[PDB]
Structure formats: structure tokens, C-alpha cells
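As C-alpha cells, the structure follows; a few thoughts come after it.
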Amino acid sequence: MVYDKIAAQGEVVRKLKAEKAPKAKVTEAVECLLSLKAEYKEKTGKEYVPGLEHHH
């Protein structure tokens with residue numbers, strides 16, 4: 001339901017790409033989503049599901 005750092009910057013890029021931002025940052029966020037979620041895995045989603053989640 002709720003996820004800190006993972007959502008924190010996850011939305012940062014979501015809004016950026018929405019309002020037109022650089023792919024470098026948009027993807028970067030996708031990464032923090034995969035990286036942070038893996039660190040998260042508290043006891044809710046396990047590798048929390050943000051949105052972008054991993055990007056090539």
C-alpha cells in the first residue's frame with residue numbers, strides 16, 4: 001500500500017516524464033524503484049511495486 005523512498009523519487013520521475021523531462025532522469029528513477037524496492041522488502045510487497053520498475 002505505502003512505500004517510502006521507492007515511491008518518493010518514483011513519483012519524481014513519473015511527474016517529470018509527464019511534464020516532459022530527460023530520459024536520463026526518468027530511467028534513473030525507474031532504477032531507484034528496482035534498487036530501493038529490493039532493499040525495501042519489509043513485509044508488504046517484497047521488492048515493492050512502484051510503477052516504472054526497472055528500465056533498460
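Going through the C-alpha cells in order, the chains are called A, B, and so on, while each chain numbers its residues from 1 and the ligands are numbered from 1 in the order shown.
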
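With only C-alpha atoms taken into account, the protein and nucleic acid residues at most 10 Å from residue 22 (chain A) (excluding it and anything under 6 positions from it in its own chain) are residues 13, 16 and 28 of chain A.
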
Fewer than 6 positions away in the same chain doesn't count, so skip those; otherwise give me all residues within 12 Å of residue 26 (chain A), counting only C-alpha atoms, as a VMD selection string. chain A and resid 9 to 20 32 to 33 51 to 56

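Between CA of residue 21 (chain A) and CA of residue 3 (chain A) lies a distance of 23.5 Å.
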
For the helix (DSSP H, G or I) assignment from backbone DSSP, which residues of chain A qualify? Please present them as a ChimeraX atom specification. /A:4-18,23-40

Can you pull out the residues contacting residue 1 (chain A)? Cut-off 12 Å, using only C-alpha atoms, and skip same-chain residues under 3 positions away; I want them as a list in words. residues 4, 6, 7, 43, 44, 45, 46, 48, 49 and 50 of chain A

Write out the residues from the selection above, keeping C-alpha atoms, as a PDB file, in the first residue's frame.
```
ATOM      1  CA  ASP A   4       8.750   5.402   1.236  1.00  0.00           C
ATOM      2  CA  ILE A   6      10.709   3.827  -3.574  1.00  0.00           C
ATOM      3  CA  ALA A   7       7.557   5.943  -4.062  1.00  0.00           C
ATOM      4  CA  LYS A  43       6.739  -7.107   4.820  1.00  0.00           C
ATOM      5  CA  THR A  44       4.238  -5.745   2.338  1.00  0.00           C
ATOM      6  CA  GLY A  45       5.132  -6.101  -1.316  1.00  0.00           C
ATOM      7  CA  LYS A  46       8.654  -7.544  -1.119  1.00  0.00           C
ATOM      8  CA  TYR A  48       7.857  -3.116  -3.591  1.00  0.00           C
ATOM      9  CA  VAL A  49       5.944  -2.419  -6.788  1.00  0.00           C
ATOM     10  CA  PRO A  50       6.249   1.314  -7.618  1.00  0.00           C
TER      11      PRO A  50
END
```
